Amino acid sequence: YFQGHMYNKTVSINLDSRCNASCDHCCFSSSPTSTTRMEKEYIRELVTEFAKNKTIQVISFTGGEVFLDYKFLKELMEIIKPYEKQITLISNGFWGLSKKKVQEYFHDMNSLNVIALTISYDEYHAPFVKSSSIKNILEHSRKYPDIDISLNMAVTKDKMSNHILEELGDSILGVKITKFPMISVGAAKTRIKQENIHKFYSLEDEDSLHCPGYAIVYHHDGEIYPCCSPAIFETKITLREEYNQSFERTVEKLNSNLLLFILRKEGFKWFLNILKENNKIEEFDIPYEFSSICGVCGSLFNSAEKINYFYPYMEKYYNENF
């Protein structure tokens, strides 16, 4: 039906860049002193709109650390509750230190339709959160089979989290664990040696270079991104045109965005072939090797000059097709 929009069923909101941790890989460079965030009242309005929206099924919350201002998170989950939307959360699990706190939060999550909780723990998070805190959360989650539990571990060649998993003991039984490489963005750009980042892809294997898929995120910088990959936040791709924009308008802009249409239909080779034919790979600092497809994305579109360079080619594509 031309505009079918298979992106209006989920939305993510990044509540704050503030975090109790200061992870050396952090794509947001989050820390207790981070000040980037949308205003609380503005977030209440966004959440109220997402709860009332008839197509949205799932609302996800991320940061930063969303459990740091738990009173506000619970307040937003209560706005959604009469509308019966599903909620997902991601956390560093610092709150797991008290088993009593873990029991209160799980009681709330279960009564507020939280269907998934992802806990991030690895050698990068370890200086900030104790292993026992993660174990308390993972162990208590067994009492709530309707909450899908995941453990996400960000790794490098020198920090593969092998001993982290062992210290977690049997608390990880039944938990989906995913170890993933670093995206070279934020604190990972300056605090991690590039040689320690796993390189799985190169500029020549163009057949594997396809975006995994779009998902709308209202970010703590006040912008709107087409996915939640750490790489996207340093790009200049935004779906925001004004302060008070509806989700119908955000979805319409995502579906009519020519760059994103070309990226989805043609893959990253359409853009890489333009830079290669114009001898711009070195001028635009495209890395030869990357840890993920998102690494190409971030390097192609992380400046106004780099994005604008494609505009005459996109205009030609629009005229040729359609």
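Residue numbers here begin at 1 and follow the sequence given.
Asks: Going by the mean C-alpha B-factor recorded in the entry, which is higher: 265 to 273 or 282 to 290?
Replies: Result of the comparison: 282 to 290.
Asks: Name the higher of the two by mean Cα B-factor in the PDB entry, 231 to 239 versus 203 to 211.
Replies: The recorded data point to 203 to 211.
Asks: Maximum C-alpha temperature factor per the entry, among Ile216, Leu165, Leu76, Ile115, belongs to which one?
Replies: Answer for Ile216, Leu165, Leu76, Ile115: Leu165, with the highest C-alpha B-factor.
Asks: According to the Cα B-factor stored in this entry, which of the following is highest: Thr250, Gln194, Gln86, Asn152?
Replies: Of the candidates given, the C-alpha B-factor peaks at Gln194.
Asks: Should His198 be placed in the lowest, middle or highest third of its chain by the C-alpha B factor in the entry?
Replies: According to the entry, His198 has a C-alpha B-factor in the chain's highest third.
Asks: Per the entry's values, where does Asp16 land by CA temperature factor relative to the rest of its chain, in the lowest, middle or highest third?
Replies: Lowest third of the chain for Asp16's C-alpha B-factor.
Asks: Considering every modelled residue of the chain and its Cα B-factor in the PDB entry, is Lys157 in the lowest, middle or highest third?
Replies: As the PDB entry reports it, the C-alpha B-factor of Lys157 lands in the highest third of its chain.
Asks: Using the temperature factors of the C-alpha atoms in this entry, rank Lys189 within its chain: lowest, middle or highest third.
Replies: Highest third.
Asks: For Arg142, does the deposited CA B-factor place it in the lowest, middle or highest third of the chain?
Replies: Middle third - that is where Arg142 ends up once the chain's C-alpha B-factors are sorted.
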